[PDB]
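For reference, the structure is listed below as structure tokens.
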Amino acid sequence: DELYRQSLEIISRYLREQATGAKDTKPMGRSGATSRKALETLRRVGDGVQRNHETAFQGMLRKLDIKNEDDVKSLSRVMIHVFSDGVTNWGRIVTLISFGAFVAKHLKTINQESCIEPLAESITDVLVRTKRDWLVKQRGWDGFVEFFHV
Ligand SMILES: O=C(O)c1ccc(-c2cccc3c(CCCOc4cccc5ccccc45)c(C(=O)O)nn23)cc1
């Protein structure tokens, strides 16, 4: 599963940099030019997705009532339910990830930073397992980077 692997590399870094405010500096296994540009794109558009969904994101986080790893482990089904409504596009993929950054930041705030890694794992698992056909047609992260170009 190359698409899982790549998806995980991008999402884990973006959540950690959103949570920490630290530009992530962990090297990947090798050059990933698309992966670095996809992180750049999340940086640029992810931030403003959160500012436009400030109200629904807080209301969603309220409901979820997240305090720990058991809780982070128990999000998969709700994630799926909300995400597979309507129809698939890159805007909703950004929403998923950007809400992921919102919850990451919540986790740091509640001193549960070590949960960000499994949270990134859950989002990747759901993304690839629910939207695989569509991502493969859209050419994955290159498609993503082209869609929000400049
Ligand atoms: O009435 C509105 O305007 C509105 C807009 C957006 C949302 C909303 C909030 C959070 C996430 C999310 C998504 C992403 C799918 C599920 O994401 C998640 C749901 C639950 C927990 C999650 C934890 C981490 C990452 C995503 C999560 C979508 C969408 O599909 O359009 N819409 N949302 C809810 C209500």
Side-chain angles (χ1 to χ4, degrees), residues 1-21 23-24 28 31-109 112 115-150:
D1 200 344
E2 234 299 302
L3 184 51
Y4 179 92
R5 204 281 314 170
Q6 180 178 26
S7 303
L8 190 51
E9 231 46 66
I10 295 159
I11 293 160
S12 59
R13 273 159 183 94
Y14 180 55
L15 278 46
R16 179 141 264 185
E17 86 174 72
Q18 284 282 301
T20 64
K23 206 177 90 147
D24 220 23
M28 290 174 300
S31 303
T34 301
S35 290
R36 290 293 168 195
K37 270 164 188 188
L39 202 45
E40 291 195 1
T41 293
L42 283 169
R43 277 212 281 280
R44 181 166 40 88
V45 319
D47 301 13
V49 164
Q50 292 176 72
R51 258 154 65 257
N52 260 258
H53 291 220
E54 211 156 53
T55 283
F57 276 18
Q58 186 48 237
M60 176 66 89
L61 184 70
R62 260 272 159 81
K63 139 188 293 78
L64 292 181
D65 194 319
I66 288 169
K67 292 169 177 202
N68 72 71
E69 213 170 30
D70 289 357
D71 300 347
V72 161
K73 203 209 285 274
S74 290
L75 298 173
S76 180
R77 272 160 193 81
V78 201
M79 191 162 335
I80 295 163
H81 176 271
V82 175
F83 197 48
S84 44
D85 269 37
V87 262
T88 305
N89 56 69
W90 291 114
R92 292 190 62 207
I93 281 159
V94 175
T95 302
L96 180 77
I97 296 174
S98 289
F99 188 68
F102 192 82
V103 174
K105 298 165 98 160
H106 177 75
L107 288 170
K108 213 229 194 302
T109 57
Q112 290 281 172
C115 294
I116 290 169
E117 307 83 282
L119 175 68
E121 255 190 295
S122 187
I123 299 172
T124 311
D125 175 52
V126 158
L127 172 59
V128 170
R129 210 162 43 89
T130 77
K131 307 303 190 178
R132 189 184 283 103
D133 283 339
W134 185 97
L135 298 169
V136 161
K137 242 157 171 148
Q138 289 304 313
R139 283 200 283 100
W141 291 102
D142 286 293
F144 171 81
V145 168
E146 251 319 292
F147 184 90
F148 302 97
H149 185 87
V150 165

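Start at 1 with the first residue, then count along the sequence.
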Using a 4.5 Å cut-off on heavy atoms from C-beta on, say whether the side chain of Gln58 contacts that of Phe102.
yes

Does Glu9 offer a backbone N or O that forms a donor-acceptor pair with the side chain of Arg13 under 3.5 Å?
yes

Determine whether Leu119 and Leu75 satisfy the following criterion, side chain to side chain contact (heavy atoms under 4.5 Å, CB included), listing intermediate values before the conclusion.
CA-CA 9 Å; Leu119 175 68; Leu75 298 173; 3.8 Å; yes

Taking every heavy atom of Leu39 against every heavy atom of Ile10, the minimum-distance pair comes out as CD1-O, 3.7 Å

Do side-chain atoms of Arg44 reach the backbone of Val150 as a donor and acceptor pair under 3.5 angstrom?
yes

How long is the gap from NE2 on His149 to OG1 on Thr41, to the nearest 0.5 Å?
9.5 Å

Is it the case that the side chain of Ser122 and the backbone of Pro118 share a donor-acceptor pair, with hydrogens and angles ignored and the cut-off at 3.5 Å?
no

Could you measure the distance from the OG atom of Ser98 to the CD1 atom of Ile93? Nearest 0.5 Å is fine.
11.5 Å

In terms of heavy-atom contacts, does CG of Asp133 have more than 12 from other residues, nucleotides or ligands at under 6.0 Å?
no

Can you list the steps and then say if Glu40 with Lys37 is a salt bridge (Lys or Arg N to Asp or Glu O under 4.0 Å)?
CA-CA 5 Å; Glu40 291 195 1; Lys37 270 164 188 188; over 6 Å; no

On a heavy-atom basis, which atom in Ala19 and which in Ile116 lie closest, and how many Å separate them?
CB-CD1, 3.3 Å

Output the distance between atom CG (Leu3) and atom OG (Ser7), rounded to the nearest 0.5 Å.
4.0 Å

Any chance you could lay out the side chain to side chain contact (heavy atoms under 4.5 Å, CB included) test for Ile80 and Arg129, step after step, and finish with the verdict?
CA-CA 10 Å; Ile80 295 163; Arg129 210 162 43 89; 3.9 Å; yes

Between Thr109 and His106, is there a donor-acceptor pair closer than 3.5 Å when you use the side chain of the first and the backbone of the second?
yes

Apply side chain to side chain contact (heavy atoms under 4.5 Å, CB included) to the pair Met28 and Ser35, showing each step before the final yes or no.
CA-CA 9 Å; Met28 290 174 300; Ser35 290; 3.8 Å; yes

Specify the closest pair of heavy atoms between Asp71 and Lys67, including all atoms of both residues, with the distance to one decimal.
OD2-N, 3.0 Å

For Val82 and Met60, which heavy atoms make the closest approach, and how far apart are they?
CG2-CE, 3.8 Å

Can you name the nearest heavy-atom pair linking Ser12 to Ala120, along with the distance?
CA-CB, 3.6 Å

Using 30° and 60° as the class boundaries, would you call the ring planes of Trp134 and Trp90 parallel, tilted or perpendicular?
perpendicular

Please report the interatomic distance CG(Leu61) to NZ(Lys105), rounded to the nearest 0.5 Å.
12.0 Å

Any sub-3.5 Å donor-acceptor pair from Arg92's side-chain atoms to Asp85's backbone N or O?
yes

Show your reasoning for whether side chain to side chain contact (heavy atoms under 4.5 Å, CB included) applies to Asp125 and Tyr4.
CA-CA 7 Å; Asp125 175 52; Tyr4 179 92; 4.3 Å; yes

What's the shortest heavy-atom distance between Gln50 and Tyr14, and which atoms?
NE2-OH, 3.7 Å

Aromatic plane relationship, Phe57 with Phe99 - under 30° parallel, 30 to 60° tilted, over 60° perpendicular
perpendicular

Measure the shortest side-chain to side-chain distance between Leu96 and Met79 over non-hydrogen atoms and say whether it is less than 4.5 angstrom.
yes

